[PDB]
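Chemist: Please find one structure pasted underneath; my questions will follow.
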């Protein structure tokens, strides 16, 4: 055992790594190009469905490759992120619901557990790609209204929806207003071919350009009541939901560790490929980034193996297993968010001006790595309130 | 009287600041556009020749606006950098030789002091734009230059060819002179940082054989010390944005946000103050030439490198907080805070000196060597 | 022409620097000893009164050495801090009121401007050493109660009072509880020999051991009817100018401890001979940079408080214009100073971990600044963010 | 699973942790006192021999408590360091040879493997306390021996000494030597309560029967002092508990800057424990599960060790500094425990191997060719 994301543990996830080794070269070459143009790798991504990677994190009995170990899921995303961060960010959207649904299928009410099968089995081979329309657009509030006959209409617009260009389904997060007066939080599942559904291609960002992070709108989209994932009212949320949120995006830390590892390999390979005796300041730099890189992988490594031990073991309190997971997660995120772009910055100043050229890969990495600091949960501003609140009373 | 790049001192440089205030708005608007396309501001730049800014740092008796105070030259570049870092980087190339030549004209041999006139007076109105082809391309050793800012609107190139070192001044209209606009770099896209690939013995300005003395360090310092003002400018710029966005949120600011804003404001001040003192120090040592020529070289280059070392980690440090303070909207290529995040990292690659080099230099002065 | 605490500017302060050069050696030798025992330098300090340094920052027409330039006052404390931080911390207490009173004597009401003479002229030669009993003790309130006859009784204790042992007069901050219902804030001046006054020799810290930072209690101290100030709670930003000038010059002593540690560590590294190791060059380059940034920042912050100090023509603006850049410098030196001594420590090696080595003492003396008000990190953050935004 | 030093793994080391829980209170109270005076805890330390902790890291077949898992050895030192860093530093000297000898006893030549059983079995109950005189005094260089060693922790209660002389040999002198004198002149900034004394050797009588470098020796050096990282993680964890307990014990709503501080130190603390945690579990996997190259198992262990050391050396005193500025001036008083911790934490940066200056040449040399 090592705990640094060097190699997967579960034999189920060991099959996902080698199957990916065959698509790595093919996507590592197109990385620079797709980033320049900003075009999602449709054909490079659909090749996953052929192998079955598009269906990992799905029960063996539902399709194949029963991956549930969060630590391995991240070890995979890191191997891929080393090639292209952008595709890795997208593949996560899929692998994400993979775990979300597998938990909804086993521990969910009959009405919602039935539709879980349908989707989980469909993305097993790759016939359906699922996405999540979570965050609302500045000034908008996705909501559900009744029409009269018994059906509902979904209006609103979600932003930052990754992997969207290839998507067949969406997990919209709306909020229906009850006549009682309270506002309930429900998360429908709209098909791509939904009538009011319009996907926009306005994703122009500093990095992660190759991912499909589009804004998607819904205009009076129909959806029978029989297909809603109604939850508890807004506001009064229990810390038990934190376990769900953790498992959802904790594996992304692997991709940032991936970008870092990537930058190092470049900068170190260029510095060693200089020959002779390395300059004084350079030895200090290489020593420093190597250290930060290790601390970085180790931290996210332990944070993962901790979410796994608390995911399928503790059967005591539902709120405790929520903090026990979200906290160390946030500690690792807090670390990677300052420690990852910290090593690429040294790798940058280690290779020199040639690495400032848009043509150089170390330039791209310098933009892709700053993505993590903006991802929820939690932002620095938020993470500080959260972590200090746990360290104290509040 | 503060020393934090607030306002210029010399009345000569106080005239350059207000004359620039009229071109700021026009260029601050096209900043986002020129960066996206990557097109040098030809017409926005030639408007300087019309006012005379293209001729600042040139003796009043040769053309106008006799600016020699390095501290004000930087205060100017900062005001401009707040608008667009790229144009500021370019305008520096011009203002650079401005000081290089004025020193060559007053303290130079008759053969080379005569041609100093011809060029210094020509760029006084803006008839001629001077550039410096210093760094050689990888593999090739002049005997093609890369990283030459403000090349598209050039007229004169001061190449560094060589074993004796000599710098001949070629012209744009030369028979074997080609300028390639193949510049594609992370930040500073709107500058003319392009690459370029006959002359008699009376046009060459021979120099010492190539190893060197410490007196040359004074020249190198005055050449690019004023660029620190542009990075301080980028930082100040990012702050104004991030703080204006945070304050424009209303109500009570979050806990972590107050920590961020307090921190970047601190770093920003340390940053401006340091480059501020490093400048006023190069000016006090620039006017005294009756002492050792090698001492006035270290006394200038050292504090310069301390400020550079500071700004290189402290400037991109404030824009990174300004970035994490505004949120994801600042990650959009459309947002200005995104551009600044790329423009700021330019300084760490500029010679002299790089971190790797600056470390050997600074430790060598702190010890024996 | 510098702005890095290299040399004083005003000719008045140029006289204080060379007069101090003669006492430096004497005190730099006893530094290690007084720190180990924790004994205030009484005789080493009284030698200042002989020369007149104990009376600097006092009008030439009141005693001598008319030092008003805050930048030079700090340049002095840095020269001294390089010898012993502890004595420098104490000498500041005196130099402090020096500026406080000089401003009270020129711009103060007749009742309080008269007693300003009596004290300012007395400490001119060194006949009287003034102190400030500001911060109250945890859970204690220093107030003034009425006895009836007309006099007032002062009870309560103060802590963090440097320069206590040699001290003669105390400027204790107390508050009176009016009958109307609102409480007023007053700063009486009581003489060491006060009837109920007691000074405890209870100081025992990490660093600054040699300073006279003692706790002084006041149990029923009489006093005739006191520098009256406005009611607590509603304090304007104009008071910030006063508070700045009070302890902004201490930044010089921390810059001093840093400069000190460097000289040691670099002198030891250079005295090794041959070729310096890779990591060492990185260290020395780094601390030299931080040291420069450090001196420059506190340098500019000072020259800015001086430019805003002489121009009395908004009283609230001149308060923020001074306190803010001050806090920026403090914020910088508080993380940048102990930052250079830590590299000087890891540059000399284990021998610098020995209590016998001076680099060990400096490592403890430097951490003092982060606890000094105003403002603490916690406080400084609320202050600085409040100025950067609306609030 | 976790790997952050939370709790030991091997059942052998789980018995050392609870046995220590009984001596913790007793030593945690005298910590402040012994530090102020600078007096080694003789009676507090021998109480270990009574229980058997003085004999941990010794084969069950030789005495008892067969602890070989480096990760648990550090988890132990951290539990103890949280009480007093100084005693933990000393107890490490003992536990150190524990692993060094157990490896010498199993994989050593007959002549030296025989004397291994002698000493290993003697310190099993606590009859003999072993020390290491490695470093040599500045200016002097160590049948018939001379020289003088320093930074010898746990000197006072020592009986045997493993000095480092050269012709490179590691003789074994007893405490009752004829030309052996131990000087208790240790006056440091921190870790004053440990037995780090300066011992001299004036022509010592010893028989010859009792007696460039490859990278395989790096494995030995790693296992020797890698477990000390646990004590620094311990000092950090300690300072946090104090500062956070004081901040939370303030009540109401915490100030803005304070929330930033507590969030920051908690993060650094986690990164710190996790890193040294992984570095340990890595030295254990390379310590027993390997029969391959002897030089590879040397770098594979020493490198991640140095990464963790590099991290804890800047990250540990980093959290106590925030805990310091979080509690305020009261924590600057010599009376406050947070003051002591601020001095004890800076010890790690001076310990070999490797120093920052050295660690940089080492780590860059592995990252490149050299």
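Chemist: Outside the structural domain of residue D:167 (by CATH), within 25 Å of the chain's Cα centre (by Cα) and under 16 Å from residue D:326 (Cα atoms): which single residue out of D:283, D:236 fits that description?
Modeler: On the way: D:283 fails: under 16 Å from residue D:326 (Cα atoms).
On inspection, the qualifying residue turns out to be D:236.
Chemist: Show me the strands (runs of 3 or more DSSP E) found entirely inside the stretch B:119-225 where at least 2 residues are more than 24 Å from the chain's Cα centre (by Cα). Steps first, please.
Modeler: Details: elements: B:145-148, B:156-158, B:164-166, B:169-171, B:194-196, B:206-209.
Result: B:164-166, B:206-209.
Chemist: Of the numbered conditions (1) at the interface with another protein chain (Cβ under 9 Å from one of its Cβ atoms); (2) over 30 Å from residue A:209 (Cα atoms); (3) not in a helix (DSSP H, G or I), residue B:334 satisfies every one except a single condition; which is it?
Modeler: Residue B:334 satisfies every listed condition except (2).
Chemist: Give the stretch A:298-329 a look and list any residue that's assigned to a helix (DSSP H, G or I) and more than 8 Å from chain D (Cβ to nearest Cβ), or say none. Walk me through how you get there before you give the answer.
Modeler: Taking the stretch A:298-329 first, the residues assigned to a helix (DSSP H, G or I) are A:298-309, A:320-329.
Selection gives A:300, A:304, A:307, A:320, A:321, A:322, A:323, A:324, A:325, A:326, A:327, A:329.
Chemist: How many residues, within the stretch D:1-13, are touching a helix residue (DSSP H, G or I) at 6+ places or on another chain (Cβ under 6 Å) and either farther than 13 Å from residue D:281 by Cα or away from chain A (no Cβ under 12 Å) (or both)?
Modeler: Adding up the residues that qualify gives 3.
Chemist: Another one. Residue check, residue D:339 against (1) at the interface with chain C (Cβ under 9 Å from one of its Cβ atoms); (2) assigned to a loop (DSSP other than H, G, I, E, B), all met but one. Which one?
Modeler: Of (1) at the interface with chain C (Cβ under 9 Å from one of its Cβ atoms); (2) assigned to a loop (DSSP other than H, G, I, E, B), only one is false for residue D:339: (2).
Chemist: The conditions are (1) facing chain D (nearest Cβ under 8 Å); (2) assigned to a helix (DSSP H, G or I); (3) over 21 Å from residue D:323 (Cβ atoms), and residue C:378 fails exactly one of them. Which is it?
Modeler: Unmet for residue C:378, out of (1) facing chain D (nearest Cβ under 8 Å); (2) assigned to a helix (DSSP H, G or I); (3) over 21 Å from residue D:323 (Cβ atoms): (3).
Chemist: So in the stretch C:231-258, with the set limited to residues that are in contact with a helix residue (DSSP H, G or I) (Cβ under 9 Å, 6 or more places away or on another chain) and surrounded by fewer than 21 Cβ atoms within 10 Å (Cβ to Cβ), which one is nearest to residue C:208 (Cα to Cα)? Can you show your working first?
Modeler: Going residue by residue through the stretch C:231-258, those that are in contact with a helix residue (DSSP H, G or I) (Cβ under 9 Å, 6 or more places away or on another chain) are C:236-258.
Now restrict to residues that are surrounded by fewer than 21 Cβ atoms within 10 Å (Cβ to Cβ): C:236-239, C:242-243, C:246-247.
Numbers: C:236: 33, C:237: 31, C:238: 31, C:239: 28, C:242: 25, C:243: 22, C:246: 19, C:247: 16 Å.
Among residues in the stretch C:231-258 that are in contact with a helix residue (DSSP H, G or I) (Cβ under 9 Å, 6 or more places away or on another chain) and surrounded by fewer than 21 Cβ atoms within 10 Å (Cβ to Cβ), the one nearest to residue C:208 (Cα to Cα) is C:247.
Chemist: So which residues in the stretch B:244-270 are in a helix (DSSP H, G or I), within 14 Å of chain A (Cβ to nearest Cβ) and over 19 Å from residue C:379 (Cα atoms)? If you could, list the steps in order and put the result at the bottom.
Modeler: From the stretch B:244-270, those in a helix (DSSP H, G or I) are B:244-247, B:255-270; that's our starting set.
Within this subset, residues satisfying the condition of being within 14 Å of chain A (Cβ to nearest Cβ) are B:245-246, B:255-264.
Correct list: B:245, B:246.
Chemist: Can you tell me which residue among D:120, D:99, D:95, D:145 is surrounded by 17 or more Cβ atoms within 10 Å (Cβ to Cβ) and over 25 Å from residue D:14 (Cα atoms)? Talk me through it step by step, then tell me what you get.
Modeler: On the way: D:120 fails: over 25 Å from residue D:14 (Cα atoms); D:99 fails: over 25 Å from residue D:14 (Cα atoms); D:95 fails: over 25 Å from residue D:14 (Cα atoms).
Just one listed residue meets the conditions, D:145.
Chemist: Still on this structure: Could you tell me whether the stretch D:185-197 includes any residue that is in contact with a helix residue (DSSP H, G or I) (Cβ under 8 Å, 6 or more places away or on another chain) and farther than 30 Å from residue D:269 by Cα?
Modeler: no
Chemist: Mind counting the residues in the stretch A:346-358 that are touching a helix residue (DSSP H, G or I) at 6+ places or on another chain (Cβ under 7 Å) and at the interface with chain B (Cβ under 7 Å from one of its Cβ atoms)? Talk me through it step by step, then tell me what you get.
Modeler: To start, the set of residues in the stretch A:346-358 that are touching a helix residue (DSSP H, G or I) at 6+ places or on another chain (Cβ under 7 Å) comprises A:346-353, A:355-357.
This time we only want the ones that are at the interface with chain B (Cβ under 7 Å from one of its Cβ atoms), so: A:349, A:352-353, A:356-357.
Residues flagged as touching a helix residue (DSSP H, G or I) at 6+ places or on another chain (Cβ under 7 Å) and at the interface with chain B (Cβ under 7 Å from one of its Cβ atoms) within the stretch A:346-358 amount to 5.
Chemist: For residue C:117, are the conditions met, namely being within 22 Å of residue C:245 (Cβ to Cβ) and in contact with a helix residue (DSSP H, G or I) (Cβ under 9 Å, 6 or more places away or on another chain)?
Modeler: Spelling it out, residue C:117 is indeed within 22 Å of residue C:245 (Cβ to Cβ) and in contact with a helix residue (DSSP H, G or I) (Cβ under 9 Å, 6 or more places away or on another chain).
Each row is one residue, and each column tells you yes or no for (1) buried (at least 24 other Cβ atoms within 10 Å of the Cβ); (2) closer than 19 Å to residue C:296 by Cα; (3) touching a helix residue (DSSP H, G or I) at 6+ places or on another chain (Cβ under 6 Å).
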| residue | (1), (2), (3) |
| --- | --- |
| B:277 | yes, yes, yes |
| B:292 | no, no, no |
| B:313 | no, yes, no |
| B:319 | yes, no, yes |
| B:323 | yes, no, yes |
| B:329 | no, no, no |
| B:344 | yes, no, yes |
| B:360 | no, no, yes |
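Chemist: Does residue A:265 satisfy the condition of being surrounded by fewer than 20 Cβ atoms within 10 Å (Cβ to Cβ), closer than 30 Å to residue B:185 by Cβ and touching a strand residue (DSSP E or B) at 6+ places or on another chain (Cβ under 9 Å)?
Modeler: On the way: surrounded by fewer than 20 Cβ atoms within 10 Å (Cβ to Cβ): yes; closer than 30 Å to residue B:185 by Cβ: yes; touching a strand residue (DSSP E or B) at 6+ places or on another chain (Cβ under 9 Å): no.
The answer is no for residue A:265.
Chemist: Okay, next question. Tell me, please, whether a residue that is assigned to a helix (DSSP H, G or I), more than 23 Å from residue D:29 (Cα to Cα) and touching a helix residue (DSSP H, G or I) at 6+ places or on another chain (Cβ under 7 Å) can be found in the stretch D:57-71. Full working, then the answer.
Modeler: Our first condition is that a residue be assigned to a helix (DSSP H, G or I); within the stretch D:57-71, this holds for D:70-71.
Still in the running and more than 23 Å from residue D:29 (Cα to Cα): D:70-71.
Next, from what is left, pick out any that are touching a helix residue (DSSP H, G or I) at 6+ places or on another chain (Cβ under 7 Å): D:70-71.
Taking every residue of the stretch D:57-71 in turn, at least one turns out to be assigned to a helix (DSSP H, G or I), more than 23 Å from residue D:29 (Cα to Cα) and touching a helix residue (DSSP H, G or I) at 6+ places or on another chain (Cβ under 7 Å).
Chemist: Filter the stretch B:30-54 down to the residues that are surrounded by fewer than 18 Cβ atoms within 10 Å (Cβ to Cβ) and outside any helix (DSSP H, G or I) and list them by number.
Modeler: B:38, B:39 - these are the residues of the stretch B:30-54 that are surrounded by fewer than 18 Cβ atoms within 10 Å (Cβ to Cβ) and outside any helix (DSSP H, G or I).
Chemist: Those residues that are more than 13 Å from chain C (Cβ to nearest Cβ) and outside any helix (DSSP H, G or I), I need them from the stretch B:281-297; list them, please.
Modeler: B:289, B:290, B:291, B:292, B:293, B:294
Chemist: Of all residues in the stretch B:14-29, which are under 15 Å from residue B:54 (Cβ atoms), touching a helix residue (DSSP H, G or I) at 6+ places or on another chain (Cβ under 9 Å) and surrounded by 13 or more Cβ atoms within 10 Å (Cβ to Cβ)? Show your work before the answer.
Modeler: The initial filter retains those residues of the stretch B:14-29 that are under 15 Å from residue B:54 (Cβ atoms), namely B:15-16, B:19-20, B:22-23, B:27.
Narrowing further to those that are touching a helix residue (DSSP H, G or I) at 6+ places or on another chain (Cβ under 9 Å): B:16, B:19-20, B:22-23, B:27.
Within the stretch B:14-29, B:16, B:19, B:20, B:23, B:27 qualify.
Basis: the model, the stated rules and, where named, an outside source; none is laboratory data. Here the Cβ is made from the backbone with ideal geometry for all residues, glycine too, and neighbour counts use every protein chain on show.
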